[PDB]
């Protein structure tokens, strides 16, 4: 709600690993909120099993006000591993970058969120 499939979960995980190679990924709730406040967040990803739950209730509202798409993946552990870190991650943001070659895969995940 809006939760991934787990087709997408695996497709999101794939995009997340690319994002990391392109330096277009911000890992962690506060880093995600900073991307949203700078207007560079393209998609915000949230782990359905994150604690505290106030983050999970809270970040969607902030995304909505800022007109940024967001989607729930199943676990912080697979988000954390896709992020190239050995700890779980509760939220992440795929950021926009002027001239990026990822722009096409990003704008395509973005609209499959609509759906």
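Numbering follows the first chain given and starts at 1.
- The stretch 49-57 shows the higher mean C-alpha B-factor when 49-57 is compared against 25-33 in the entry.
- Stretches 104-112 and 4-12 differ in mean C-alpha B factor, with the higher average recorded for 4-12.
- Based on the entry's C-alpha B-factors, the most elevated value among 82, 62, 41, 90 belongs to 82.
- When the modelled residues of the chain are ordered by C-alpha B-factor, residue 68 sits in the lowest third.
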